[PDB]
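A.B. asks: Structure: run-v5.csv, CSV, N, CA and C atoms and all ligand atoms.
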chain,number,residue,atom,x,y,z
A,1315,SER,N,-0.6,-24.7,0.2
A,1315,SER,CA,-1.3,-23.5,0.7
A,1315,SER,C,-2.3,-23.0,-0.4
A,1316,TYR,N,-3.5,-23.6,-0.5
A,1316,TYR,CA,-4.4,-23.4,-1.6
A,1316,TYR,C,-5.7,-22.6,-1.1
A,1317,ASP,N,-5.6,-21.9,0.1
A,1317,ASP,CA,-6.7,-21.1,0.6
A,1317,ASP,C,-6.8,-19.8,-0.2
A,1318,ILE,N,-7.9,-19.7,-1.0
A,1318,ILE,CA,-8.1,-18.6,-2.0
A,1318,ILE,C,-8.4,-17.3,-1.2
A,1319,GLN,N,-8.9,-17.4,0.1
A,1319,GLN,CA,-9.3,-16.3,0.9
A,1319,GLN,C,-8.2,-15.8,1.9
A,1320,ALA,N,-7.0,-16.5,1.9
A,1320,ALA,CA,-6.1,-16.3,3.0
A,1320,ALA,C,-5.4,-14.9,2.9
A,1321,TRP,N,-5.3,-14.4,1.7
A,1321,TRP,CA,-4.6,-13.1,1.4
A,1321,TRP,C,-5.2,-12.0,2.3
A,1322,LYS,N,-6.5,-12.1,2.7
A,1322,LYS,CA,-7.1,-10.9,3.3
A,1322,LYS,C,-6.5,-10.6,4.7
A,1323,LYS,N,-6.5,-11.7,5.5
A,1323,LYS,CA,-5.9,-11.6,6.9
A,1323,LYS,C,-4.4,-11.3,6.8
A,1324,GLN,N,-3.7,-11.9,5.8
A,1324,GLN,CA,-2.3,-11.7,5.6
A,1324,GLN,C,-2.1,-10.2,5.3
A,1325,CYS,N,-2.9,-9.5,4.5
A,1325,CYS,CA,-2.8,-8.1,4.2
A,1325,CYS,C,-3.2,-7.3,5.4
A,1326,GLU,N,-4.2,-7.7,6.2
A,1326,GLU,CA,-4.5,-7.0,7.5
A,1326,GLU,C,-3.3,-6.9,8.4
A,1327,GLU,N,-2.6,-8.1,8.6
A,1327,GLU,CA,-1.4,-8.2,9.5
A,1327,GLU,C,-0.3,-7.3,8.9
A,1328,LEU,N,-0.1,-7.3,7.6
A,1328,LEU,CA,1.0,-6.5,7.0
A,1328,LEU,C,0.7,-5.0,7.2
A,1329,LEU,N,-0.6,-4.6,7.0
A,1329,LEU,CA,-1.0,-3.2,7.3
A,1329,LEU,C,-0.7,-2.8,8.8
A,1330,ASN,N,-1.0,-3.7,9.7
A,1330,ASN,CA,-0.7,-3.5,11.1
A,1330,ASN,C,0.8,-3.2,11.3
A,1331,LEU,N,1.6,-4.0,10.7
A,1331,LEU,CA,3.1,-3.8,10.8
A,1331,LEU,C,3.4,-2.5,10.2
A,1332,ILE,N,2.9,-2.1,9.1
A,1332,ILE,CA,3.2,-0.8,8.5
A,1332,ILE,C,2.8,0.3,9.4
A,1333,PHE,N,1.6,0.2,10.1
A,1333,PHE,CA,1.1,1.2,11.1
A,1333,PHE,C,2.1,1.3,12.3
A,1334,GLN,N,2.9,0.2,12.6
A,1334,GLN,CA,3.9,0.3,13.7
A,1334,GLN,C,5.2,1.0,13.3
A,1335,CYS,N,5.5,1.0,12.0
A,1335,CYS,CA,6.7,1.6,11.4
A,1335,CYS,C,6.6,3.2,11.6
A,1336,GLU,N,7.6,3.8,12.2
A,1336,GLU,CA,7.6,5.3,12.2
A,1336,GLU,C,7.6,5.8,10.8
A,1337,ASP,N,8.3,5.2,9.9
A,1337,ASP,CA,8.4,5.6,8.5
A,1337,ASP,C,7.0,5.8,7.8
A,1338,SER,N,5.9,5.1,8.3
A,1338,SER,CA,4.6,5.2,7.7
A,1338,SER,C,3.8,6.5,8.1
A,1339,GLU,N,4.2,7.2,9.1
A,1339,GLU,CA,3.4,8.2,9.7
A,1339,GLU,C,2.9,9.2,8.7
A,1340,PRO,N,3.8,9.7,7.7
A,1340,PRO,CA,3.3,10.7,6.7
A,1340,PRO,C,2.3,10.2,5.7
A,1341,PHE,N,2.1,8.9,5.6
A,1341,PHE,CA,1.3,8.2,4.6
A,1341,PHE,C,0.1,7.5,5.2
A,1342,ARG,N,-0.2,7.7,6.4
A,1342,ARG,CA,-1.4,7.2,7.1
A,1342,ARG,C,-2.7,7.9,6.7
A,1343,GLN,N,-2.7,9.2,6.5
A,1343,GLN,CA,-3.9,10.0,6.3
A,1343,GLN,C,-3.6,10.9,5.1
A,1344,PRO,N,-4.7,11.6,4.6
A,1344,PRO,CA,-4.5,12.6,3.5
A,1344,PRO,C,-3.6,13.7,3.7
A,1345,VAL,N,-3.2,14.4,2.6
A,1345,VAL,CA,-2.3,15.6,2.6
A,1345,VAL,C,-3.2,16.8,2.9
A,1346,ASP,N,-2.9,17.6,3.9
A,1346,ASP,CA,-3.6,18.9,4.3
A,1346,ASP,C,-3.1,19.9,3.2
A,1347,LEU,N,-4.0,20.6,2.5
A,1347,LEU,CA,-3.6,21.5,1.4
A,1347,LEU,C,-3.2,22.8,1.9
A,1348,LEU,N,-3.5,23.2,3.2
A,1348,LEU,CA,-3.0,24.4,3.8
A,1348,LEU,C,-1.4,24.3,4.0
A,1349,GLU,N,-0.9,23.0,4.1
A,1349,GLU,CA,0.5,22.8,4.3
A,1349,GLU,C,1.2,22.5,3.0
A,1350,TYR,N,0.5,21.9,2.0
A,1350,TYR,CA,1.1,21.6,0.7
A,1350,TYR,C,0.1,22.1,-0.4
A,1351,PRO,N,0.1,23.4,-0.7
A,1351,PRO,CA,-1.0,24.0,-1.5
A,1351,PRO,C,-1.1,23.5,-2.9
A,1352,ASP,N,0.0,23.0,-3.4
A,1352,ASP,CA,0.2,22.6,-4.9
A,1352,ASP,C,-0.1,21.1,-5.0
A,1353,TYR,N,-0.4,20.4,-3.9
A,1353,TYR,CA,-0.3,18.9,-4.0
A,1353,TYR,C,-1.2,18.3,-5.1
A,1354,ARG,N,-2.4,18.8,-5.2
A,1354,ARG,CA,-3.4,18.2,-6.1
A,1354,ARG,C,-3.2,18.8,-7.6
A,1355,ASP,N,-2.3,19.8,-7.8
A,1355,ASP,CA,-1.8,20.2,-9.1
A,1355,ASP,C,-1.0,19.0,-9.7
A,1356,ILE,N,-0.1,18.4,-8.8
A,1356,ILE,CA,0.9,17.5,-9.3
A,1356,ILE,C,0.4,16.0,-9.3
A,1357,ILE,N,-0.6,15.7,-8.3
A,1357,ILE,CA,-1.0,14.3,-8.0
A,1357,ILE,C,-2.5,14.2,-8.4
A,1358,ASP,N,-2.9,13.3,-9.3
A,1358,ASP,CA,-4.2,13.0,-9.8
A,1358,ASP,C,-5.1,12.2,-8.8
A,1359,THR,N,-4.5,11.2,-8.1
A,1359,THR,CA,-5.3,10.2,-7.3
A,1359,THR,C,-4.6,10.0,-6.0
A,1360,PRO,N,-5.1,10.7,-4.9
A,1360,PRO,CA,-4.5,10.6,-3.6
A,1360,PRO,C,-4.7,9.2,-3.1
A,1361,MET,N,-3.7,8.6,-2.4
A,1361,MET,CA,-3.9,7.4,-1.6
A,1361,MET,C,-3.1,7.4,-0.3
A,1362,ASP,N,-3.6,6.8,0.7
A,1362,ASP,CA,-3.0,6.7,2.0
A,1362,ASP,C,-3.4,5.4,2.6
A,1363,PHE,N,-2.6,5.0,3.7
A,1363,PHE,CA,-2.8,3.6,4.3
A,1363,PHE,C,-4.1,3.5,5.0
A,1364,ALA,N,-4.7,4.5,5.5
A,1364,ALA,CA,-6.0,4.5,6.1
A,1364,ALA,C,-7.1,4.1,5.1
A,1365,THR,N,-6.9,4.7,3.9
A,1365,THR,CA,-7.9,4.4,2.7
A,1365,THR,C,-7.7,2.9,2.4
A,1366,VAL,N,-6.5,2.4,2.3
A,1366,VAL,CA,-6.3,1.0,1.9
A,1366,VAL,C,-6.9,0.1,2.9
A,1367,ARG,N,-6.7,0.4,4.2
A,1367,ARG,CA,-7.2,-0.5,5.3
A,1367,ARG,C,-8.8,-0.4,5.2
A,1368,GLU,N,-9.4,0.7,5.1
A,1368,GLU,CA,-10.8,0.9,5.0
A,1368,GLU,C,-11.4,0.1,3.8
A,1369,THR,N,-10.8,0.2,2.7
A,1369,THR,CA,-11.2,-0.5,1.4
A,1369,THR,C,-11.2,-2.0,1.7
A,1370,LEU,N,-10.1,-2.5,2.3
A,1370,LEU,CA,-10.0,-3.9,2.6
A,1370,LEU,C,-11.1,-4.3,3.5
A,1371,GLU,N,-11.3,-3.6,4.6
A,1371,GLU,CA,-12.3,-4.0,5.7
A,1371,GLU,C,-13.7,-3.8,5.1
A,1372,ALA,N,-14.0,-2.9,4.2
A,1372,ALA,CA,-15.3,-2.8,3.5
A,1372,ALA,C,-15.6,-4.0,2.6
A,1373,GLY,N,-14.6,-4.9,2.3
A,1373,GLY,CA,-14.8,-6.0,1.3
A,1373,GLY,C,-14.8,-5.4,-0.1
A,1374,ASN,N,-14.0,-4.3,-0.4
A,1374,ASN,CA,-14.0,-3.7,-1.7
A,1374,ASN,C,-12.6,-3.9,-2.4
A,1375,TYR,N,-11.8,-4.9,-1.9
A,1375,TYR,CA,-10.8,-5.5,-2.8
A,1375,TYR,C,-11.2,-6.9,-3.2
A,1376,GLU,N,-11.0,-7.3,-4.5
A,1376,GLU,CA,-11.3,-8.7,-4.9
A,1376,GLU,C,-10.0,-9.5,-4.8
A,1377,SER,N,-8.8,-8.9,-4.7
A,1377,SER,CA,-7.6,-9.7,-4.8
A,1377,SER,C,-6.5,-8.9,-4.2
A,1378,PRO,N,-5.4,-9.6,-3.7
A,1378,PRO,CA,-4.2,-8.8,-3.2
A,1378,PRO,C,-3.5,-8.0,-4.3
A,1379,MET,N,-3.7,-8.3,-5.6
A,1379,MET,CA,-3.1,-7.5,-6.6
A,1379,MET,C,-3.7,-6.1,-6.6
A,1380,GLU,N,-5.1,-6.0,-6.3
A,1380,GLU,CA,-5.7,-4.7,-6.3
A,1380,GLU,C,-5.2,-3.9,-5.1
A,1381,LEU,N,-5.0,-4.5,-3.9
A,1381,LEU,CA,-4.5,-3.8,-2.7
A,1381,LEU,C,-3.1,-3.3,-3.0
A,1382,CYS,N,-2.3,-4.2,-3.7
A,1382,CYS,CA,-0.8,-3.9,-4.0
A,1382,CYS,C,-0.8,-2.7,-5.0
A,1383,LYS,N,-1.7,-2.6,-5.9
A,1383,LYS,CA,-1.7,-1.4,-6.9
A,1383,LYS,C,-2.0,-0.1,-6.1
A,1384,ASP,N,-2.9,-0.1,-5.1
A,1384,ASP,CA,-3.1,1.1,-4.3
A,1384,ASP,C,-2.0,1.4,-3.3
A,1385,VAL,N,-1.3,0.5,-2.7
A,1385,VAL,CA,-0.1,0.8,-1.9
A,1385,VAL,C,1.0,1.3,-2.8
A,1386,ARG,N,1.2,0.7,-4.0
A,1386,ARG,CA,2.3,1.2,-4.9
A,1386,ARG,C,2.0,2.7,-5.3
A,1387,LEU,N,0.7,3.1,-5.4
A,1387,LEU,CA,0.3,4.4,-5.7
A,1387,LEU,C,0.7,5.4,-4.6
A,1388,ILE,N,0.6,5.0,-3.3
A,1388,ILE,CA,1.1,5.8,-2.2
A,1388,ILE,C,2.6,6.2,-2.5
A,1389,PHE,N,3.4,5.2,-2.9
A,1389,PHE,CA,4.8,5.4,-3.1
A,1389,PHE,C,5.1,6.2,-4.4
A,1390,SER,N,4.4,5.9,-5.5
A,1390,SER,CA,4.6,6.7,-6.7
A,1390,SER,C,4.1,8.1,-6.5
A,1391,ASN,N,3.1,8.4,-5.8
A,1391,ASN,CA,2.7,9.8,-5.5
A,1391,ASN,C,3.8,10.5,-4.7
A,1392,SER,N,4.4,9.8,-3.7
A,1392,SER,CA,5.5,10.5,-3.0
A,1392,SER,C,6.7,10.8,-3.9
A,1393,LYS,N,7.1,9.9,-4.8
A,1393,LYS,CA,8.2,10.1,-5.8
A,1393,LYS,C,7.8,11.3,-6.7
A,1394,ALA,N,6.6,11.4,-7.1
A,1394,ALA,CA,6.1,12.4,-8.1
A,1394,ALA,C,6.1,13.8,-7.4
A,1395,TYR,N,5.7,13.8,-6.1
A,1395,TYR,CA,5.4,15.1,-5.4
A,1395,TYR,C,6.7,15.7,-4.8
A,1396,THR,N,7.7,14.8,-4.6
A,1396,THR,CA,8.9,15.2,-3.8
A,1396,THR,C,9.6,16.3,-4.7
A,1397,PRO,N,10.1,17.4,-4.0
A,1397,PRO,CA,10.9,18.4,-4.7
A,1397,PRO,C,12.3,18.0,-4.9
A,1398,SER,N,12.7,16.9,-4.2
A,1398,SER,CA,14.1,16.4,-4.2
A,1398,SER,C,14.1,14.9,-3.9
A,1399,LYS,N,15.0,14.1,-4.6
A,1399,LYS,CA,15.1,12.7,-4.3
A,1399,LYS,C,15.9,12.5,-2.9
A,1400,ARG,N,16.4,13.6,-2.3
A,1400,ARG,CA,17.0,13.6,-1.0
A,1400,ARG,C,16.1,14.2,0.1
A,1401,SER,N,14.8,14.2,-0.1
A,1401,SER,CA,13.9,14.7,0.9
A,1401,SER,C,13.6,13.7,2.0
A,1402,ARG,N,13.3,14.1,3.2
A,1402,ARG,CA,13.0,13.3,4.4
A,1402,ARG,C,11.9,12.4,4.1
A,1403,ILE,N,10.7,12.9,3.6
A,1403,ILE,CA,9.5,12.2,3.5
A,1403,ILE,C,9.6,11.2,2.3
A,1404,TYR,N,10.2,11.6,1.2
A,1404,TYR,CA,10.5,10.7,0.1
A,1404,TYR,C,11.4,9.5,0.5
A,1405,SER,N,12.4,9.9,1.3
A,1405,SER,CA,13.4,8.9,1.9
A,1405,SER,C,12.7,7.8,2.7
A,1406,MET,N,11.7,8.3,3.6
A,1406,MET,CA,10.9,7.4,4.4
A,1406,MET,C,10.0,6.5,3.4
A,1407,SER,N,9.5,7.0,2.3
A,1407,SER,CA,8.7,6.2,1.4
A,1407,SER,C,9.5,5.1,0.8
A,1408,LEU,N,10.8,5.3,0.5
A,1408,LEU,CA,11.6,4.3,-0.1
A,1408,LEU,C,11.9,3.1,0.8
A,1409,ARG,N,12.2,3.4,2.1
A,1409,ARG,CA,12.4,2.4,3.1
A,1409,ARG,C,11.0,1.6,3.3
A,1410,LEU,N,9.9,2.3,3.4
A,1410,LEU,CA,8.6,1.6,3.7
A,1410,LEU,C,8.3,0.8,2.4
A,1411,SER,N,8.6,1.2,1.2
A,1411,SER,CA,8.3,0.5,0.0
A,1411,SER,C,9.1,-0.8,0.0
A,1412,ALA,N,10.4,-0.8,0.4
A,1412,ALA,CA,11.2,-2.0,0.4
A,1412,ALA,C,10.6,-3.0,1.4
A,1413,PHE,N,10.2,-2.5,2.5
A,1413,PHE,CA,9.6,-3.4,3.5
A,1413,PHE,C,8.3,-4.1,3.0
A,1414,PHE,N,7.5,-3.2,2.4
A,1414,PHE,CA,6.2,-3.7,1.9
A,1414,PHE,C,6.4,-4.7,0.7
A,1415,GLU,N,7.3,-4.5,-0.2
A,1415,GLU,CA,7.6,-5.4,-1.3
A,1415,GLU,C,8.2,-6.7,-0.8
A,1416,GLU,N,9.0,-6.7,0.3
A,1416,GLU,CA,9.6,-7.9,0.9
A,1416,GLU,C,8.5,-8.8,1.4
A,1417,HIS,N,7.5,-8.3,2.0
A,1417,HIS,CA,6.4,-9.0,2.7
A,1417,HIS,C,5.2,-9.3,1.7
A,1418,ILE,N,4.9,-8.5,0.7
A,1418,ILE,CA,3.8,-8.8,-0.2
A,1418,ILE,C,4.0,-9.9,-1.2
A,1419,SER,N,5.3,-10.2,-1.5
A,1419,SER,CA,5.7,-11.2,-2.5
A,1419,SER,C,5.1,-12.5,-2.3
A,1420,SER,N,5.1,-13.0,-1.0
A,1420,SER,CA,4.6,-14.4,-0.7
A,1420,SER,C,3.1,-14.4,-0.7
A,1421,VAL,N,2.5,-13.2,-0.3
A,1421,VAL,CA,1.0,-13.1,-0.3
A,1421,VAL,C,0.5,-13.2,-1.7
A,1422,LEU,N,1.1,-12.6,-2.7
A,1422,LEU,CA,0.7,-12.6,-4.1
A,1422,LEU,C,0.9,-14.0,-4.7
A,1423,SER,N,2.1,-14.6,-4.4
A,1423,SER,CA,2.5,-16.0,-4.9
A,1423,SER,C,1.5,-17.0,-4.4
A,1424,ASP,N,1.2,-16.9,-3.1
A,1424,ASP,CA,0.3,-17.9,-2.5
A,1424,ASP,C,-1.1,-17.8,-3.1
A,1425,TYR,N,-1.6,-16.5,-3.2
A,1425,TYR,CA,-2.9,-16.3,-3.8
A,1425,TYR,C,-3.0,-16.9,-5.3
A,1426,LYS,N,-2.0,-16.5,-6.1
A,1426,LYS,CA,-2.0,-16.9,-7.5
A,1426,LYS,C,-2.0,-18.5,-7.6
A,1427,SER,N,-1.1,-19.1,-6.8
A,1427,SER,CA,-1.0,-20.6,-6.7
A,1427,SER,C,-2.4,-21.2,-6.3
A,1428,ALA,N,-3.1,-20.6,-5.3
A,1428,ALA,CA,-4.4,-21.1,-4.9
A,1428,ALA,C,-5.4,-21.0,-6.0
A,1429,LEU,N,-5.5,-19.9,-6.8
A,1429,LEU,CA,-6.4,-19.7,-7.9
A,1429,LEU,C,-6.0,-20.7,-9.0
A,1430,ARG,N,-4.7,-21.0,-9.3
A,1430,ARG,CA,-4.4,-22.0,-10.3
A,1430,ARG,C,-4.9,-23.4,-9.8
A,1431,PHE,N,-4.7,-23.7,-8.5
A,1431,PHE,CA,-5.1,-25.0,-8.0
A,1431,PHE,C,-6.7,-25.2,-8.2
A,1432,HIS,N,-7.4,-24.1,-8.0
A,1432,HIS,CA,-8.8,-24.1,-8.1
A,1432,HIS,C,-9.3,-24.5,-9.5
A,1433,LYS,N,-8.5,-24.0,-10.5
A,1433,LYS,CA,-8.9,-24.3,-12.0
A,1433,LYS,C,-8.1,-25.5,-12.5
A,1434,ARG,N,-7.5,-26.3,-11.7
A,1434,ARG,CA,-6.5,-27.3,-12.1
A,1434,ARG,C,-7.2,-28.4,-13.1
A,1435,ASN,N,-8.5,-28.7,-12.9
A,1435,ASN,CA,-9.2,-29.7,-13.7
A,1435,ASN,C,-10.2,-29.1,-14.6
A,1501,LIG,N1,-0.3,13.6,8.0
A,1501,LIG,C1,0.5,13.8,6.8
A,1501,LIG,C2,-0.3,13.7,5.6
A,1501,LIG,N2,0.6,13.6,4.4
A,1501,LIG,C3,1.4,14.6,4.1
A,1501,LIG,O1,1.3,15.7,4.5
A,1501,LIG,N3,2.4,14.2,3.2
A,1501,LIG,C4,2.8,12.9,2.8
A,1501,LIG,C5,2.8,12.8,1.3
A,1501,LIG,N4,3.8,13.7,0.8
A,1501,LIG,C6,4.9,13.3,0.1
A,1501,LIG,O2,4.9,12.2,-0.3
A,1501,LIG,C7,6.1,14.1,0.0
A,1501,LIG,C8,7.2,13.9,-0.7
A,1501,LIG,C9,8.1,14.9,-0.4
A,1501,LIG,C10,7.5,15.8,0.4
A,1501,LIG,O3,6.2,15.3,0.7
A,1501,LIG,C11,3.4,15.1,1.1
A,1501,LIG,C12,3.3,15.3,2.6
Would you put the structure from the file into structure tokens?
Ligand SMILES: NCCNC(=O)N1CCN(C(=O)c2ccco2)CC1
C.D. replies:
Amino acid sequence: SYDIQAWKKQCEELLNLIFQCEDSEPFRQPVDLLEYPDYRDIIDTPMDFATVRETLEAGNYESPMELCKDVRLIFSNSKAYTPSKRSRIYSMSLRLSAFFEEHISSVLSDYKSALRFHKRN
């Protein structure tokens, strides 16, 4: 599996699966500050799944590592903002993070393998 470009459709399919998960609904769009007035006091760099999908479709990721860094930021923002490790929305973040890590592992491995094959000689 040495296709250097295959990660992009694989990440599109994984984002589609994430958009079918009920657990993703809080993380699809930005935080309304009328509902969470302190959000930008606590969080430096907002990220949501619609921003990741748009960045991908714009051709503004060079690698699946860059996409993975932005998805992990969604989850670290939730852990940072949560007032409790027993919150509803933080709990949804942890399930969705486990699902995402289970599926992104092969996408990263296959891409890095393809890049090593490209430089083999
Ligand atoms: N359409 C919803 C847009 N997003 C949104 O309102 N939130 C998701 C991100 N947040 C959290 O990760 C979090 C952790 C504990 C409580 O909230 C704040 C709320």
A.B. asks: Which of chain A end up as alpha helix (DSSP H) when DSSP is run on this backbone - answer as a PyMOL selection string?
C.D. replies: chain A and resi 1321-1334+1353-1356+1363-1371+1378-1395+1402-1432
A.B. asks: With only C-alpha atoms and all ligand atoms counted, collect every polymer residue having an atom within 7 Å of ligand LIG 1501 (chain A); state the result as a ChimeraX atom specification.
C.D. replies: /A:1339-1346,1350,1391-1393,1395-1397,1401,1403-1404
A.B. asks: Hey, can you check how far atom C of residue A:1376 sits from atom C of residue A:1359?
C.D. replies: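 That distance, rounded to one decimal, is 20.3 Å.
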A.B. asks: Report, in Å with one decimal, the straight-line distance from atom C of residue A:1414 to atom C of residue A:1433.
C.D. replies: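 These two atoms are separated by 28.6 Å.
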A.B. asks: Calculated over only N, CA and C atoms, which of the candidates A:1354, A:1367, A:1434, A:1386 has the smallest distance to residue A:1326?
C.D. replies: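 Of A:1354, A:1367, A:1434, A:1386, the one nearest residue A:1326, counting only N, CA and C atoms, is A:1367.
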A.B. asks: What is the distance between atom C of residue A:1315 and atom CA of residue A:1428, in Å to one decimal?
C.D. replies: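 Between these atoms lies a distance of 5.3 Å.
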